[PDB]
């Protein structure tokens, strides 16, 4: 009855080509966070990368200036009941 999804995802610092995101870690043992980001406009390949579980911030670069991106985040965590499983995602939109 304990959620593995992160909470309070927001952009704390931004540049024209990079977003800085922050999240509240779940009350689980997170092995790593998987960040996914893609241009909110249709068929721009969604790109993804991971962040260690001990961190709760991440940088995203290579973005075009003035574009709305969809930033989503989930976890690969350990629980007694499931071992290594992936959590549901938490998404936000931020426009550079």
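So that the term is clear: the rigid core is the largest set of C-alpha atoms that superpose within 1.5 Å between two forms. Residue numbers count along the first chain shown, from 1.
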> Core-aligned, which moves more in 6 other deposited structures of this protein: 35-43 or 48-56, by CA RMS?
Replying inline: 35-43
> When the C-alpha temperature factors are averaged for each of 42-50 and 29-37, which stretch ends up with the higher value in the entry?
Replying inline: 42-50
> If you rank the chain by CA B-factor, which third does residue 1 end up in: lowest, middle or highest?
Replying inline: highest
> Lowest, middle or highest third: where is residue 77 by C-alpha B factor in its chain?
Replying inline: middle
> Sorting the chain's CA B-factors, does residue 61 end up in the lowest, middle or highest third?
Replying inline: middle
>> Ranking the modelled residues of this chain by C-alpha B-factor as given in the entry, is residue 20 in the lowest, middle or highest third?
In response: middle
